[PDB]
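First the structure, in the form of structure tokens, and then the observations on it.
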Protein chains: 4
Amino acid sequence: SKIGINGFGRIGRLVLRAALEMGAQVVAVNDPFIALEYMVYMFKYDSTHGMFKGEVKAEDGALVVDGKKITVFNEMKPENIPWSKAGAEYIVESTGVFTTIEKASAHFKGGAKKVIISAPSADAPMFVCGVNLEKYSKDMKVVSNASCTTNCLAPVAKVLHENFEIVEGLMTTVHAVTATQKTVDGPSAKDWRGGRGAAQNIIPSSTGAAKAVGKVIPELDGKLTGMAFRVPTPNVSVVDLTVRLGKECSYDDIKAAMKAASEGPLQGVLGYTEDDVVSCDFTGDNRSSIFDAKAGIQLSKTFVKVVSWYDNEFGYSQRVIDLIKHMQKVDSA
Amino acid sequence: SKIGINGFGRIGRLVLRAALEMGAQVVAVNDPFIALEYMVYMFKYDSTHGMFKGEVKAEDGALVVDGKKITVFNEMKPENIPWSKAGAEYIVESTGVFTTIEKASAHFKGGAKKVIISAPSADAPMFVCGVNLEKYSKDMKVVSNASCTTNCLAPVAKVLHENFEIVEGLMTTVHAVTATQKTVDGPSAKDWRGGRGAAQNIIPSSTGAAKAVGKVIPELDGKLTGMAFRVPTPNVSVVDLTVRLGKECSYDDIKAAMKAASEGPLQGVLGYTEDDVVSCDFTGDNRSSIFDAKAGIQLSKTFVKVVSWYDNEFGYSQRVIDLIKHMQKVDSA
Amino acid sequence: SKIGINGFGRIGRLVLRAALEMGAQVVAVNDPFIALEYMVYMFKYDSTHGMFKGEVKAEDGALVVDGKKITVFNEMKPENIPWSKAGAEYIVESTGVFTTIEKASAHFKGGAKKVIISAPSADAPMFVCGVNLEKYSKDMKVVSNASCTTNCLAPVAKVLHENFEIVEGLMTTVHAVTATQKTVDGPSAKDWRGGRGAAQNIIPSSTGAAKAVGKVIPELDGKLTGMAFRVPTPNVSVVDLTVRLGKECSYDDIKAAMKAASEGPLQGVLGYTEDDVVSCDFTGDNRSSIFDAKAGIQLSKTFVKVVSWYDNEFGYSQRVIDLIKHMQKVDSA
Amino acid sequence: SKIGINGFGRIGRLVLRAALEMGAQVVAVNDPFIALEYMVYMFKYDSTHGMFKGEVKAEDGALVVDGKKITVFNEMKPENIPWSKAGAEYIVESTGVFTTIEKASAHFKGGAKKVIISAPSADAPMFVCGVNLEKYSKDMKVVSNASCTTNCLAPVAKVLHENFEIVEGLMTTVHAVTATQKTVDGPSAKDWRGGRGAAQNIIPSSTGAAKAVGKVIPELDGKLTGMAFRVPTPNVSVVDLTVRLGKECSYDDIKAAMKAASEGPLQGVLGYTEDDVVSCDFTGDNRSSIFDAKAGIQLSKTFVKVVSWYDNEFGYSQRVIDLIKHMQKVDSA
């Protein structure tokens with residue numbers, strides 16, 4: 001699908017695993033810091049998701065994954081990456097720093113057609129698969145796939161709001177550790193709690209996730225907000241949404257509405273389970289949000305707490321490829 | 001004080017540490033399973049709270065801690081413990097098994113004057129220090145000190161209800177691992193999620209805490225309920241309380257009300273901080289509930305989330321001694 | 001291959017995964033404690049090794065795994081398990097308690113032909129695949145597959161001794177946590193260090209592994225001994241063998257000898273790598289021992305330290321099926 | 001004492017804590033990256049060693065700890081720190097970057113009298129308190145305090161060599177995580193294993209410790225070498241030393257020799273225990289090396305394994321202050 005990836009960090013590298021897994025075609029990778037023999041090692045071994053089953057080798061200055069030759073570039077500034085040379089047209093911008101339309105637009109100088117920011121953007125239209133893809137029009141040059149917690153929250157909020165109306169809600173995500181955290185207490189000037197030892201601590205943290213759902217589902221703007229607790233697990237997180245509903249209902253109506261949407265309009269985005277699951281059961285899960293039927297609780301006919309799991313690395317990687325596929329189809333119709 | 005302790009598990013051992021920290025007097029300990037020389041070792045060394053500072057030895061069938069002799073019994077059945085033989089009068093029943101009035105009364109067959117269940121009871125009146133100690137009357141022979149999460153929830157629920165009226169609240173506690181969990185996946189018949197590998201997993205779980213607050217503050221009965229997530233930390237937990245309030249207010253009004261209560265009627269039970277704290281900052285904290293001012297969020301003038309920390313092992317042990325000291329005052333008044 | 005498994009704990013349950021994976025046929029499972037709906041859950045979800053990809057259901061009092069109907073029994077005493085009724089002939093005895101020939105022999109009363117103890121036996125001949133299988137003769141009714149650390153140590157010691165002669169050696173295994181450990185400091189009367197919180201601690205522990213290599217390779221009897229440090233990882237362990245050799249050599253002769261044996265007589269038992277591997281890279285590995293070329297060190301021409309990884313759960317499960325296959329072939333020739 | 005500290009990372013902060021614990025006087029701290037109000041916070045709160053007991057505030061551009069004013073500089077280059085301005089004379093250079101005599105000499109441009117590198121040095125004479133302090137002469141202007149693992153190895157190597165003669169030794173340290181590791185898999189160009197997820201993994205690593213002992217005890221030069229395994233614990237490490245000895249002996253002779261040295265010439269540096277200890281029992285331990293008597297094993301009268309614990313953050317910080325106090329005595333003698 002002429003995909004180029006900028007950044008070979010955790011998201012770039014798993015977006016590449018996802019593409020391979022989904023039959024997609026990545027033709028170029030850019031990273032200023034990882035050299036090609038290091039790229040091979042990093043792609044091949046993964047402590048959370050297992051060793052890549054397939055051949056990964058460096059051959060003539062290209063990364064070669066199961067025969068697929070991927071051109072590698074090591075440019076510092078996006079404007080200088082020669083995307084056109086590899087034939088990379090739609091590029092996943094995963095560095096975390098070129099996230100606004102102006103900045104992401106620097107990929108057009110090297111011949112990119114469209115840029116997909118895999119992070120919240122302050123101004124590029126944000127998409128969540130299964131919720132607002134019909135808003136995408138081929139004239140959008142730079143889009144964003146929002147965050148992995150927005151991709152978990154927005155499914156479950158779409159179903160709750162369509163059927164019972166969300167009057168207001170407050171969310172907590174119990175989130176696995178990330179790369180921005182510290183093995184032992186270290187400096188983190190912009191977030192003091194975030195520099196404290198990640199394996200030792202439950203750490204309060206912020207999240208713009210519930211805010212961003214107000215952008216993906218405009219009717220929920222200003223009705224949701226939340227926070228995060230980082231806890232010592234390597235991956236897979238859980239949204240805990242407490243919501244005041246507009247229409248009286250039972251918990252079995254909430255379970256029935258969620259099962260119905262996982263079977264139809266949100267098939268493959270929203271999952272449904274009634275088992276005694278814990279977080280390791282969703283390592284490698286491709287869905288954006290998996291509603292846990294037995295964990296939620298209802299205090300009253302309009303006040304309830306809903307629980308939804310997400311593999312914060314893997315489901316979001318798979319959604320980046322889904323948004324590119326949707327985009328391509330819309331741009332060639 | 002003439003305290004006796006039944007059970008030498010984490011609660012029993014740490015109530016012995018708290019007594020010694022607080023000048024209270026423990027004269028006998030019973031455990032059917034832990035022999036005297038193993039008691040010396042388990043009390044002396046503690047992975048979370050550290051080595052006991054002071055001398056701990058077994059001398060003539062007694063446990064001697066800083067010169068104090070503690071008679072040791074190894075009886076399976078309460079009715080068989082010779083409490084009067086050791087001069088033990090106020091028994092902390094900490095095994096978790098004899099929690100109703102009918103079952104805890106077996107201690108009177110051995111000469112006990114009062115029994116304090118250090119766990120929730122289906123029927124013994126439950127106390128939270130700072131919230132309802134004035135309900136205690138000297139004719140109550142069996143009382144309960146409720147649980148560590150109720151001791152964290154109830155102070156915060158009391159200030160919120162007094163000042164703004166709680167209409168409805170749903171609670172989550174992000175809870176450190178406990179002795180009932182498993183190092184690797186194994187059998188837990190009653191609670192299948194609870195048998196899954198504790199260091200690997202975020203584990204949904206139940207909590208009666210929120211329900212128990214309706215017992216302690218009768219006007220919150222049926223207005224509150226909640227759940228727990230067990231996460232891989234050895235100690236210290238956090239209550240995440242989402243509440244709809246009767247009176248409109250700002251978050252600064254909630255902060256002011258908590259600060260004031262921690263300086264006055266709840267001094268020593270409820271703490272207040274505005275620092276960038278994490279859970280390891282509360283290891284060894286003696287207070288029942290520390291309101292984290294900076295972590296809460298308010299969505300509207302009546303819908304807010306409040307975060308309060310607690311060292312689930314240690315604040316609770318100290319409260320058991322405070323409950324016994326209150327009781328001995330009323331009983332000899 | 002008419003296999004019956006006694007015990008549905010971690011080894012029993014992964015021996016069943018291994019059998020399915022290897023085309024073997026298990027016709028019965030016995031466990032007194034796990035009921036069939038709990039067996040389905042436990043087999044299906046695994047925090048370390050992933051969800052079973054396949055259908056697992058209870059159907060008419062049988063566990064049915066991908067069409068394979070497995071009869072379940074819930075007997076407390078091995079003598080009473082009716083193995084003959086399901087046609088279970090070779091039974092994997094994995095409970096950890098019926099480990100001597102007399103005790104394991106209790107399976108013959110229910111019609112078992114041969115018993116394979118998946119633990120060290122004090123008296124049943126111990127086998128390690130790739131090292132002493134030719135010692136097996138069809139008249140042996142009860143054999144043992146030794147332990148997962150013996151299955152890692154014995155390969156690597158066979159190669160070192162055949163080529164350079166082991167004069168003496170001392171081993172340390174840095175071992176992942178096991179089921180006998182405790183989430184927080186708890187009682188463990190027979191091993192006080194072993195009751196201390198597993199996620200918090202490096203814990204010295206014993207191991208009979210090096211002793212048992214003296215039984216599998218009789219020429220090394222009395223020349224090896226060692227110990228274990230339990231550390232907070234859920235699976236995959238590493239042997240660190242420090243050895244005084246009889247013949248002068250270089251580290252490159254040790255690497256060459258190990259590569260040669262992994263390519264021929266020890267193919268599939270002993271692996272060889274020169275990558276920058278860490279323990280998660282061997283989760284799911286089927287080999288008994290994987291020699292790490294870059295981690296070992298040589299001080300002198302006869303004194304060296306060798307490093308070998310093993311997935312202490314998975315490789316040993318796969319070897320139990322390999323020993324049964326070898327046995328069957330030898331018993332029907 | 002007039003101590004200055006360069007760097008406010010884990011070693012810098014804990015050397016400030018140790019000085020205050022020991023009555024020593026620190027008059028200035030430099031860190032280019034950590035601002036004064038963030039210094040207050042990082043010093044006050046500590047996940048492993050706990051909250052500082054005492055008042056810590058920023059007052060007029062100074063860090064005031066228990067009434068003591070500490071002038072703060074934020075200079076990138078040593079030559080630019082105005083050490084004489086604050087009356088700082090003995091500088092603990094703890095950044096890890098200025099470790100040779102040529103690089104550490106940049107501190108004299110600012111008025112320093114002596115520089116103590118709190119890390120190994122390629123050329124500054126290295127000291128281990130208790131082993132070779134008598135080699136210090138007042139003309140040495142730049143010295144090194146070696147590393148925390150050398151401070152654990154060298155006392156134990158000294159008793160073993162004095163009494164039985166070390167012919168050959170290979171060491172492994174099972175080492176807690178450090179600040180150079182990663183919460184999740186990421187880039188570590190120089191050391192690929194060291195970038196893999198620290199809480200997930202046992203990680204082979206290098207150590208110069210054993211080589212450095214040949215510098216500190218010149219007769220062990222070239223007789224020792226070793227490696228490290230980084231494991232998921234926040235602090236406290238253990239040396240596993242396998243040694244061939246010149247003189248035949250029993251393990252009881254090694255125990256007796258260690259016990260005697262800890263009562264006499266190594267009192268305070270080497271500790272001795274015979275309890276069932278685990279690593280959390282040594283958090284905050286001030287000693288450099290605690291011999292665990294019960295964990296070692298002896299194969300033959302000349303081949304034994306010795307286990308010694310150390311709190312890699314804390315014993316080392318205390319030794320830096322002991323080295324400075326020795327130096328100030330000799331310099332004013």
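Chain letters run A, B, ... following the sequence lines, proteins first and then strands; every chain starts at 1. When reading the values below, keep in mind they use all heavy atoms of this one structure, side chains included, and skip hydrogens, waters and symmetry mates.
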Check your understanding: Do NZ/NE/NH1/NH2 and the carboxylate oxygens of B:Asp281 and A:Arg193 come within less than 4.0 Å?
Key -> no
Practice item. Would you indicate whether A:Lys247, at its atom NZ, is surrounded by more than 12 heavy atoms from other residues, nucleotides or ligands within a distance under 6.0 Å? Key: no
Check your understanding: Which pair of non-hydrogen atoms, one from B:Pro232 and one from A:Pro232, has the smallest distance, and what is that distance?
Key -> O-CG, 3.9 Å
**Study point:** Portion of A:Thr242 that has a non-hydrogen atom of chain B nearer than 4.5 angstrom
**Key:** both
Review point. Of the backbone (N, CA, C, O) and the side chain (C-beta and beyond), which part of B:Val174 lies under 4.5 Å from a heavy atom of chain A, both, or neither?
Key: both
Study note, to complete from the structure: Comparing A:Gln200, A:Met227, A:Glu168 against chain B, the one with the most heavy-atom pairs below 4.5 Å turns out to be A:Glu168
**Study point:** Partner chain B: residue of A:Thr225, A:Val278, A:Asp292 with the largest heavy-atom pair count (under 4.5 Å)
**Key:** A:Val278
Practice item. Can you tell which part of A:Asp191 gets under 4.5 Å to a heavy atom of chain B, answering side chain, backbone, both or neither? Key: neither
**Study point:** Heavy atoms from other residues, nucleotides or ligands near NZ of B:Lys215 exceed 12 (cutoff 6.0 Å)
**Key:** no
Check your understanding: For A:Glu219, does the CD atom have more than 12 heavy-atom neighbours from other residues, nucleotides or ligands under 6.0 Å away?
Key -> no
Practice item. For chain B, find its close neighbours in residues 296-309 of chain A: heavy-atom separation under 4.5 Å, sorted by number, or none. Key: A:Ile297, A:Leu299, A:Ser300, A:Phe303, A:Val304, A:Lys305, A:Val307, A:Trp309
Check your understanding: Counting only heavy atoms not in A:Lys255, do more than 12 sit closer than 6.0 Å to its NZ atom?
Key -> yes
Study note, to complete from the structure: Honestly, the part of A:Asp240 sitting under 4.5 Å from a heavy atom of chain B is side chain
Practice item. Mark yes when over 12 heavy atoms from residues, nucleotides or ligands other than B:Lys44 sit less than 6.0 Å from its NZ; otherwise mark no. Key: yes
Study note, to complete from the structure: One option among A:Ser237, A:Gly169, A:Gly222 has the most heavy-atom pairs under 4.5 Å with chain B, and it is A:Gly169
Check your understanding: Going by heavy atoms in the side chains, are B:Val236 and A:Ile202 under 4.5 Å from each other?
Key -> no
Check your understanding: Residues in salt bridge (charged side-chain N to carboxylate O under 4.0 Å, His left out) with B:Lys294, at least two apart?
Key -> B:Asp276
